[PDB]
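Chemist: Got a structure for you, questions after.
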Amino acid sequence: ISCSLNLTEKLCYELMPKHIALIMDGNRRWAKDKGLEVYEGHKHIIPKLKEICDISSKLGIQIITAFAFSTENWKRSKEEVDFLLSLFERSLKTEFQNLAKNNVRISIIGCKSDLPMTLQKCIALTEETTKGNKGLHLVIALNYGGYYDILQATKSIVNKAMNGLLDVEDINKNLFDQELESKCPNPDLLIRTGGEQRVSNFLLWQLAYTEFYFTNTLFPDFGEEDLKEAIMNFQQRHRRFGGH
Amino acid sequence: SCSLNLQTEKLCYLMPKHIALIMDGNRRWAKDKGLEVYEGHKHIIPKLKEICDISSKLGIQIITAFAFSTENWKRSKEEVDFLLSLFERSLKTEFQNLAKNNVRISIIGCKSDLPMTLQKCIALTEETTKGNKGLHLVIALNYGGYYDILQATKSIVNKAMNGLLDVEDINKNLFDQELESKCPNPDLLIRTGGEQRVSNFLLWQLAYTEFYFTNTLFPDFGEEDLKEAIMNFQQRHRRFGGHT
Ligand SMILES: CC(C)=CCC/C(C)=C/CSP(=O)(O)OP(=O)(O)O
Ligand SMILES: C=C(C)CCOP(=O)(O)OP(=O)(O)O
Ligand SMILES: C=C(C)CCOP(=O)(O)OP(=O)(O)O
Ligand SMILES: C=C(C)CCOP(=O)(O)OP(=O)(O)O
Ligand SMILES: [Mg+2]
Ligand SMILES: [Mg+2]
């Protein structure tokens, strides 16, 4: 198979970020620091995420993709996974009407069939109720990883080729983008709370020219002032996309 | 159909075994010092050799260095022609000594797009060093993350088309075996030049890599800067999605 790359590919990126990506990290250490019970940080996840949607919506931000549960988090104890998947279902039922009144559209990416059936039904109902809403699109990545996303797009392309729907030479960036679960437009800014300088198998393909913002602030402490700082910082960067 | 909660292992991550290196900021280093526009680029592969020598003594086994991306074709024909001729020159003048403790050199990227003379220089550099026993230097030249994932997808589609694999055999390990940069993946990414972004480097391979961004322009990056980056790496806690 031949290659040629000096022919051309448009990058689906942008004053203001259109799409923000969010790694919601540091919730355990936030509870350890305040001497609270082990899962009390995670109880702030969905409420804070609603606060961030509110602020971002007013600034003209159109998309937020938030990392809620990765495919490697299955490595944690049965007790933690069960507690936090139950907590996610509960919080999604508690803050739903707050998200719905702001005209937020809610989508979930990840492998849903591995989740508990009650959470699968709750997710399907949330997506149905909000699919027509016209405000900010909140995408929640739940049992998601970049490896998984690329693998399921590759399988989808293989099956199409098997059924006579495409040739090997039709496989390009545009086709791949439309087979991934996180699509164009790609994140302009990634904010990771919790102090770690790494991506932890989040949106690997989608982050090719994303601007990174790592903060030391633990996620339950990330408020309107911190989001405003991150956007102003983003506005101070020069994006060249390989050109001059 | 998908399932991800059973297979929670695989992957390939004191001292980082594999360092990834984005050699950025060469234009600004020549501008700041008032030199000719391409004077910084003449330092790229000499300094890269110096980094390999230091890295070899500390026990590092692999360096993957970004020398020319698939989006850099967007720059002026003058700059691109000058820089590809300069790479051909630098690649002949260094990486020549008969010492067996020197680096083994591979090139990843689409070589057929490059000037014929540079193609011949690359072939000669890979042949003369294939027996060397030191550090494996991989030079990423006309390379990008999209390109790497796309060519692996095309190779998998081809095999499936020709009866050589099943769609249900497609997993992380088979995909990894089709990429140009394979397991083991970089433990540490060092980007010189002030920008906090990845610019379509090793997208799949950087899933759990530790990021180290420095403002030092690449021609000023020496032994003290490398020792600082390794020290910073050693103070980091890698969890790979797990706990306790
Ligand atoms: C939904 C499940 C099972 C887990 C939560 C995943 C999550 C929110 C991770 C980021 S916060 P976490 O890694 O728990 O907290 P730190 O150890 O980083 O302080
Ligand atoms: C080939 C190298 C060293 C990496 C790309 O850096 P660029 O200078 O092309 O990256 P951007 O700032 O354009 O993102
Ligand atoms: C090898 C390549 C293409 C990048 C080197 O630095 P640049 O050419 O990007 O210079 P700056 O604009 O970053 O200073
Ligand atoms: C927010 C989510 C779902 C993942 C956060 O990163 P992790 O806490 O899993 O990442 P590592 O620090 O283990 O890389
Ligand atoms: Mg964490
Ligand atoms: Mg640059």
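Each chain in the structure tokens gets a letter, A, B and so on, in the order shown; residues start at 1 in every chain, and ligands are counted from 1 in the order they appear.
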Pull the strand (DSSP E or B) assignments for segment 2-243 of chain B out of DSSP run on the backbone, and list those residues as JSON, numbers by chain.
Modeler: {"B": [18, 19, 20, 21, 22, 62, 63, 64, 65, 66, 67, 68, 69, 104, 105, 106, 107, 108, 136, 137, 138, 139, 140, 141, 142, 143, 188, 189, 190, 191, 210, 211, 212, 213]}
Chemist: Could you list, with a cut-off of 8 Å and counting only C-alpha atoms and all ligand atoms, the residues of chain B near ligand 2, each shown with its nearest atom pair and the distance in Å rounded to one decimal, rows sorted by chain and ascending number, as a tab-separated table?
Modeler:
```
residue	atom	partner	partner_atom_place_in_ligand_line	distance
B:22	CA	ligand 2	3 (C)	4.9
B:23	CA	ligand 2	3 (C)	4.2
B:24	CA	ligand 2	3 (C)	4.3
B:25	CA	ligand 2	8 (O)	6.8
B:66	CA	ligand 2	1 (C)	4.9
B:67	CA	ligand 2	1 (C)	4.4
B:68	CA	ligand 2	1 (C)	4.0
B:69	CA	ligand 2	1 (C)	4.9
B:71	CA	ligand 2	9 (O)	7.0
B:72	CA	ligand 2	9 (O)	5.7
B:141	CA	ligand 2	1 (C)	7.9
B:195	CA	ligand 2	12 (O)	6.6
B:197	CA	ligand 2	14 (O)	6.7
B:198	CA	ligand 2	14 (O)	7.0
B:199	CA	ligand 2	14 (O)	4.5
B:200	CA	ligand 2	5 (C)	7.8
B:201	CA	ligand 2	4 (C)	7.2
```
Chemist: Can you pull out every residue from segment 14-127 of chain A that DSSP, working from the backbone, puts in alpha helix (DSSP H), and format the result as an mmCIF file with C-alpha atoms, in the first residue's frame?
Modeler:
```cif
data_model
loop_
_atom_site.group_PDB
_atom_site.id
_atom_site.type_symbol
_atom_site.label_atom_id
_atom_site.label_comp_id
_atom_site.auth_asym_id
_atom_site.auth_seq_id
_atom_site.Cartn_x
_atom_site.Cartn_y
_atom_site.Cartn_z
ATOM 1 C CA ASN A 27 -11.675 13.995 43.565
ATOM 2 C CA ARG A 28 -10.208 11.388 45.966
ATOM 3 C CA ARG A 29 -7.300 13.629 47.114
ATOM 4 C CA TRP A 30 -9.752 16.544 47.584
ATOM 5 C CA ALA A 31 -11.625 14.428 50.206
ATOM 6 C CA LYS A 32 -8.362 13.141 51.816
ATOM 7 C CA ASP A 33 -7.084 16.747 52.202
ATOM 8 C CA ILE A 45 -18.569 15.936 40.017
ATOM 9 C CA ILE A 46 -21.957 16.444 38.276
ATOM 10 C CA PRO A 47 -22.999 19.602 40.216
ATOM 11 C CA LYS A 48 -19.669 21.327 39.387
ATOM 12 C CA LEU A 49 -19.950 20.147 35.740
ATOM 13 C CA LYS A 50 -23.385 21.885 35.569
ATOM 14 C CA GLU A 51 -21.757 25.095 36.979
ATOM 15 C CA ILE A 52 -19.028 24.863 34.270
ATOM 16 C CA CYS A 53 -21.670 24.352 31.510
ATOM 17 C CA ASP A 54 -23.557 27.468 32.786
ATOM 18 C CA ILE A 55 -20.440 29.691 32.669
ATOM 19 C CA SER A 56 -19.171 28.230 29.351
ATOM 20 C CA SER A 57 -22.625 28.666 27.694
ATOM 21 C CA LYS A 58 -22.727 32.431 28.524
ATOM 22 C CA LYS A 78 -15.212 -3.801 42.741
ATOM 23 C CA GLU A 79 -16.423 -1.650 45.700
ATOM 24 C CA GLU A 80 -15.131 1.658 44.207
ATOM 25 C CA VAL A 81 -16.486 0.881 40.702
ATOM 26 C CA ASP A 82 -19.947 -0.153 42.045
ATOM 27 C CA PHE A 83 -20.125 2.857 44.427
ATOM 28 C CA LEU A 84 -19.143 5.411 41.752
ATOM 29 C CA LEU A 85 -21.305 3.901 38.921
ATOM 30 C CA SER A 86 -24.296 4.026 41.366
ATOM 31 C CA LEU A 87 -23.276 7.595 42.367
ATOM 32 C CA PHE A 88 -23.113 8.644 38.681
ATOM 33 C CA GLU A 89 -26.660 7.268 38.039
ATOM 34 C CA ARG A 90 -27.982 9.078 41.165
ATOM 35 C CA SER A 91 -26.287 12.475 40.372
ATOM 36 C CA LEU A 92 -27.534 12.234 36.741
ATOM 37 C CA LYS A 93 -31.113 11.905 38.128
ATOM 38 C CA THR A 94 -30.566 14.716 40.714
ATOM 39 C CA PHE A 96 -31.078 16.478 35.215
ATOM 40 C CA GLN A 97 -33.707 19.262 35.504
ATOM 41 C CA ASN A 98 -30.951 21.881 36.161
ATOM 42 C CA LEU A 99 -29.170 20.761 32.910
ATOM 43 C CA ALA A 100 -32.512 20.530 30.958
ATOM 44 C CA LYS A 101 -33.774 24.083 31.820
ATOM 45 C CA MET A 117 -28.866 -1.904 32.920
ATOM 46 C CA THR A 118 -30.520 0.798 35.114
ATOM 47 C CA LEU A 119 -27.750 3.262 34.092
ATOM 48 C CA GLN A 120 -28.145 2.214 30.399
ATOM 49 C CA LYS A 121 -31.900 3.054 30.628
ATOM 50 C CA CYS A 122 -31.199 6.369 32.446
ATOM 51 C CA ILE A 123 -28.634 7.340 29.729
ATOM 52 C CA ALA A 124 -31.011 6.398 26.842
ATOM 53 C CA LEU A 125 -33.834 8.487 28.478
ATOM 54 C CA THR A 126 -31.518 11.501 29.097
ATOM 55 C CA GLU A 127 -30.299 11.460 25.448
#
```
Chemist: Given the choices B:230, B:98, B:156, B:51, which gets closest to residue 188 of chain B if the distance is worked out from only C-alpha atoms?
Modeler: B:230
Chemist: Please produce, as CSV, a per-residue contact table for chain B versus chain A (criterion: any atom at most 6 Å away, only C-alpha atoms considered), showing the nearest atom pair and its distance in Å to one decimal, sorted by chain then residue number.
Modeler:
```
residue,atom,partner,partner_atom,distance
B:5,CA,A:74,CA,5.9
B:71,CA,A:242,CA,5.0
B:72,CA,A:242,CA,4.8
B:74,CA,A:243,CA,5.4
B:75,CA,A:243,CA,5.1
B:154,CA,A:168,CA,5.7
B:157,CA,A:158,CA,5.2
B:196,CA,A:212,CA,5.6
B:197,CA,A:211,CA,5.3
B:199,CA,A:209,CA,4.8
B:200,CA,A:208,CA,4.3
B:203,CA,A:204,CA,5.4
B:207,CA,A:201,CA,4.4
B:208,CA,A:200,CA,5.0
B:210,CA,A:198,CA,5.3
B:211,CA,A:197,CA,5.4
B:241,CA,A:73,CA,4.9
B:242,CA,A:76,CA,5.3
B:243,CA,A:76,CA,5.8
```
Chemist: Hey, which of A:15, A:180, A:23, A:166 ends up closest to residue 193 of chain A? Count only C-alpha atoms.
Modeler: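 Smallest distance to residue 193 of chain A is found for A:23.
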Chemist: Using Å and a single decimal, report how far atom CA of residue 187 of chain A sits from atom CA of residue 142 of chain A.
Modeler: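 If I compute the distance from atom CA of residue 142 of chain A to atom CA of residue 187 of chain A, I get 17.5 Å.
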Chemist: Please, what distance in Å, to one decimal, runs between atom CA of residue 165 of chain A and atom CA of residue 145 of chain B?
Modeler: 25.5 Å
